[PDB]
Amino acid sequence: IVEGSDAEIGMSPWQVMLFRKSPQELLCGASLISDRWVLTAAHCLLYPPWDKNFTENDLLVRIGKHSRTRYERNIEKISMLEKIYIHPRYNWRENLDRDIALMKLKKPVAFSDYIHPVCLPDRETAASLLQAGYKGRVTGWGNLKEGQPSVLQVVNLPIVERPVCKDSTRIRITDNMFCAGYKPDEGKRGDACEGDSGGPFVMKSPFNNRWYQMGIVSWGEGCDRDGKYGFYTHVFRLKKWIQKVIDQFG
């Protein structure tokens, strides 16, 4: 995260850390949606251009963390994966279209003050909140500039209109994506940065007071460049696939 701030303890209880068994290293961000399920960016697991292809045995899921590197004894829970599900039509070849995956934990995790799931949007929550100008919140343990925080960071960014999004890059944008960030104009900054991928973009409903996950950290060209924006997977648009798997697979 570029130009964010340290989160307060218990601020994002659904924030998960994707962690490599060896070398022991942070792979990506992720989010807890139920006691046995984690949501992330498919390119965090599979990306052939960089020879990336993770298997369940290759990783660990670390929940309830605040510090990027200590092992938070008595606070964090470290779990194992039973299965990984990647959207059958994820486009790693051209633009990261449908950049989404589900991971099912080996054993359900227990909730605590620091560990709690986020909600998934319904058609009407999506319709009222996903509007140009409204702000969402991104979190993660990524680079501070295009270097590593000691604690989870946070930033609030406005959603940007589709046209502006498309005129800012040469990549082909689809309905499965949305872009967020300030204008060069707006004179406020911030963005996601390498290591933030697979994390959550959340909003707080003004109707029921709950936090919903609207997007997943997907891609960007540089970090915090003027006239560039961050792109996120559109969670609601892919909701039918999510249902379908949690149904069929426990």
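Counting begins at 1, following the sequence as shown.
According to the record, 4 to 9 deposited residues between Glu146 and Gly147 are left without atomic coordinates. On average the C-alpha atoms of 21-29 have higher B-factors than those of the other stretch, with 21-29 and 223-231 being the two compared.
Mean CA temperature factor is higher for 53-61 when stretches 198-206 and 53-61 are set side by side in the entry.
Note on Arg98, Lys135, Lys166, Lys107: the highest value goes to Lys107, judged by CA B factor as recorded. Each of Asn91, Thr139, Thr125, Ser112 has a CA temperature factor in the record; the biggest one is found at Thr125. Ranked by Cα temperature factor within the chain, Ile84 sits in the highest third according to the deposited record. When the CA B factors of the chain's modelled residues are split into thirds, the value for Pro48 lands in the middle one. When the CA B factors of the chain's modelled residues are split into thirds, the value for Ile9 lands in the middle one. Annotation for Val2: C-alpha temperature factor in the middle third relative to the rest of the modelled chain, per the entry. Per the deposited record, the Cα B-factor of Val154 falls in the lowest third when ranked against the other modelled residues of its chain.
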